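Below is one structure, written out as structure tokens; comments come after it.
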Amino acid sequence: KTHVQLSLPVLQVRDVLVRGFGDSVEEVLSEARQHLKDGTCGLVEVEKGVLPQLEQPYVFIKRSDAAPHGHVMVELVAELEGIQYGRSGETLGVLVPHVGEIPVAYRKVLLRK
Ligand SMILES: COC(=O)[C@H]1CCCC1=O
């Protein structure tokens with residue numbers, strides 16, 4: 001399947017134990033996809049002061065279309081020192097590893113895999 005329905009746990013930035021996926025744009029996109037596939041991926045909603053508390057490169061989910069079965073269609077865009085690799089819509093949040101943090105909510109997405 002080109003798209004996979006996922007329910008992503010929404011985490012508070014201060015709860016996040018593992019604050020990024022790795023050390024290169026290509027590694028963070030790889031790791032983000034593996035965690036999304038393995039159900040070990042969380043989402044942090046981007047507000048004032050969030051991104052400086054997380055590790056670059058960042059992996060964003062961005063809205064890729066204007067929402068089957070409640071699931072917003074999204075794709076991955078990485079960012080490192082103000083340059084983005086990919087082009088998409090509005091940020092739904094920044095992905096991080098999930099290692100058992102308690103979420104505040106769930107974000108239903110259809111991920112272009
Ligand atoms: C069924 O596979 C999945 O869960 C997706 C996640 C991203 C890659 C993939 O195969």
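For the structure tokens, the naming scheme is as follows: chains receive sequential letters (A, B, ...) according to their order of presentation, residues are indexed from 1 within each chain, and ligands are indexed from 1 in presentation order.
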
Write out as a Markdown table the residues of chain A that have any atom within 12 Å of an atom of ligand 1, one row each with the nearest atom pair and its distance in Å to one decimal, counting only C-alpha atoms and all ligand atoms, sorted by chain and then rising number.
| residue | atom | partner | partner_atom_place_in_ligand_line | distance |
| --- | --- | --- | --- | --- |
| A:1 | CA | ligand 1 | 1 (C) | 7.6 |
| A:2 | CA | ligand 1 | 10 (O) | 8.5 |
| A:3 | CA | ligand 1 | 5 (C) | 7.6 |
| A:4 | CA | ligand 1 | 5 (C) | 5.7 |
| A:5 | CA | ligand 1 | 4 (O) | 8.1 |
| A:6 | CA | ligand 1 | 4 (O) | 7.8 |
| A:7 | CA | ligand 1 | 4 (O) | 10.9 |
| A:8 | CA | ligand 1 | 6 (C) | 11.7 |
| A:29 | CA | ligand 1 | 7 (C) | 10.7 |
| A:30 | CA | ligand 1 | 7 (C) | 9.6 |
| A:31 | CA | ligand 1 | 7 (C) | 10.0 |
| A:32 | CA | ligand 1 | 7 (C) | 8.4 |
| A:33 | CA | ligand 1 | 7 (C) | 4.9 |
| A:34 | CA | ligand 1 | 7 (C) | 6.2 |
| A:35 | CA | ligand 1 | 6 (C) | 7.6 |
| A:36 | CA | ligand 1 | 6 (C) | 4.9 |
| A:37 | CA | ligand 1 | 6 (C) | 3.0 |
| A:38 | CA | ligand 1 | 4 (O) | 6.3 |
| A:39 | CA | ligand 1 | 4 (O) | 7.3 |
| A:40 | CA | ligand 1 | 6 (C) | 10.5 |
| A:41 | CA | ligand 1 | 6 (C) | 10.1 |
| A:74 | CA | ligand 1 | 7 (C) | 11.8 |
| A:75 | CA | ligand 1 | 7 (C) | 10.5 |
| A:76 | CA | ligand 1 | 7 (C) | 10.6 |
| A:109 | CA | ligand 1 | 6 (C) | 11.3 |
| A:110 | CA | ligand 1 | 6 (C) | 9.9 |
| A:111 | CA | ligand 1 | 7 (C) | 7.3 |
| A:112 | CA | ligand 1 | 7 (C) | 7.9 |
| A:113 | CA | ligand 1 | 7 (C) | 4.9 |

Compile the contact shell of residue 84 (chain A) as a list in words: residues with an atom at most 12 Å away, counting only C-alpha atoms, same-chain residues fewer than 2 positions apart removed.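 Once the adjacent positions are removed, what remains is residues 25, 26, 29, 56, 57, 58, 59, 60, 62, 76, 77, 78, 79, 80, 81, 82, 86, 87 and 88 of chain A.
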
Could you write out that same residue set with N, CA and C atoms as a compact mmCIF listing (two decimals), in the first residue's frame?
# COMPACT_ATOMS: atom_id res chain seq x y z
N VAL A 25 19.99 14.25 7.63
CA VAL A 25 18.63 14.31 7.01
C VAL A 25 18.23 12.89 6.59
N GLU A 26 19.15 12.17 5.94
CA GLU A 26 18.76 10.86 5.38
C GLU A 26 18.50 9.87 6.53
N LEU A 29 14.95 10.76 8.35
CA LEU A 29 13.83 10.31 7.48
C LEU A 29 13.72 8.78 7.50
N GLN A 56 17.93 18.62 16.01
CA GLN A 56 18.04 18.61 14.53
C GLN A 56 18.91 17.45 14.07
N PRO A 57 18.75 16.90 12.85
CA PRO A 57 17.68 17.31 11.94
C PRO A 57 16.28 16.95 12.48
N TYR A 58 15.29 17.81 12.23
CA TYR A 58 13.86 17.59 12.55
C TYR A 58 13.18 16.77 11.44
N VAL A 59 12.17 15.97 11.81
CA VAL A 59 11.28 15.32 10.80
C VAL A 59 9.89 15.86 11.07
N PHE A 60 9.29 16.55 10.09
CA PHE A 60 7.91 17.08 10.18
C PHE A 60 6.98 16.11 9.45
N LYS A 62 3.64 16.89 7.30
CA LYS A 62 3.02 18.03 6.62
C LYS A 62 1.81 17.52 5.83
N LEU A 76 6.46 13.18 4.91
CA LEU A 76 7.63 13.57 5.75
C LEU A 76 8.47 14.62 5.01
N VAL A 77 8.87 15.66 5.74
CA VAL A 77 9.88 16.69 5.34
C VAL A 77 10.88 16.84 6.48
N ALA A 78 12.17 16.69 6.21
CA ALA A 78 13.23 16.90 7.21
C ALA A 78 13.73 18.33 7.10
N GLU A 79 14.31 18.83 8.20
CA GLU A 79 14.89 20.19 8.24
C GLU A 79 16.21 20.15 9.01
N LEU A 80 17.24 20.83 8.49
CA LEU A 80 18.58 20.93 9.13
C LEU A 80 19.13 22.31 8.77
N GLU A 81 19.43 23.10 9.81
CA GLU A 81 19.98 24.48 9.71
C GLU A 81 19.15 25.30 8.72
N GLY A 82 17.82 25.25 8.85
CA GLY A 82 16.89 26.12 8.10
C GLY A 82 16.63 25.66 6.67
N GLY A 86 12.26 18.21 0.90
CA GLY A 86 10.84 17.97 0.66
C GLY A 86 10.08 19.26 0.66
N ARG A 87 8.88 19.17 0.14
CA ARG A 87 8.01 20.32 -0.08
C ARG A 87 6.60 19.80 0.14
N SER A 88 5.85 20.38 1.05
CA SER A 88 4.50 19.85 1.36
C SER A 88 3.70 20.98 1.99

A:14, A:19, A:108, A:69: which is nearest residue 49 (chain A), counting only C-alpha atoms? A:14

If you run DSSP on the backbone here, which positions in region 5-112 of chain A get strand (DSSP E or B)? Please write them as a PyMOL selection string. chain A and resi 5-10+41-44+58-63+72-80+83-85+91-97+105-112

Among chain A, which residues does DSSP mark as alpha helix (DSSP H) when it is run on the backbone? Keep the chain and numbering as in the structure and answer as a PDB file with C-alpha atoms, in the first residue's frame.
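For reference, result_35.pdb as written:
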ATOM      1  CA  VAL A  25      18.634  14.309   7.012  1.00  0.00           C
ATOM      2  CA  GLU A  26      18.763  10.857   5.376  1.00  0.00           C
ATOM      3  CA  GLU A  27      19.081   9.004   8.754  1.00  0.00           C
ATOM      4  CA  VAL A  28      16.195  10.906  10.470  1.00  0.00           C
ATOM      5  CA  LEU A  29      13.827  10.306   7.481  1.00  0.00           C
ATOM      6  CA  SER A  30      14.891   6.581   7.460  1.00  0.00           C
ATOM      7  CA  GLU A  31      14.455   6.186  11.260  1.00  0.00           C
ATOM      8  CA  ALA A  32      11.133   8.171  11.237  1.00  0.00           C
ATOM      9  CA  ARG A  33       9.741   5.788   8.535  1.00  0.00           C
ATOM     10  CA  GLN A  34      10.958   2.679  10.459  1.00  0.00           C
ATOM     11  CA  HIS A  35       9.336   3.989  13.748  1.00  0.00           C
ATOM     12  CA  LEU A  36       6.098   4.934  11.869  1.00  0.00           C
ATOM     13  CA  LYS A  37       6.006   1.358  10.393  1.00  0.00           C
ATOM     14  CA  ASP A  38       6.818  -0.280  13.886  1.00  0.00           C
TER      15      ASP A  38
END

Between A:9, A:71, A:43, A:20, single out the one closest to residue 95 (chain A), counting only C-alpha atoms. A:43

What's the separation between CA of residue 83 (chain A) and CA of residue 17 (chain A), in Å to one decimal place?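 If I compute the distance from CA of residue 83 (chain A) to CA of residue 17 (chain A), I get 25.2 Å.
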
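Ranking A:105, A:92, A:44, A:72 by their shortest atom-to-atom distance to residue 12 (chain A), with only C-alpha atoms included, puts A:44 first.
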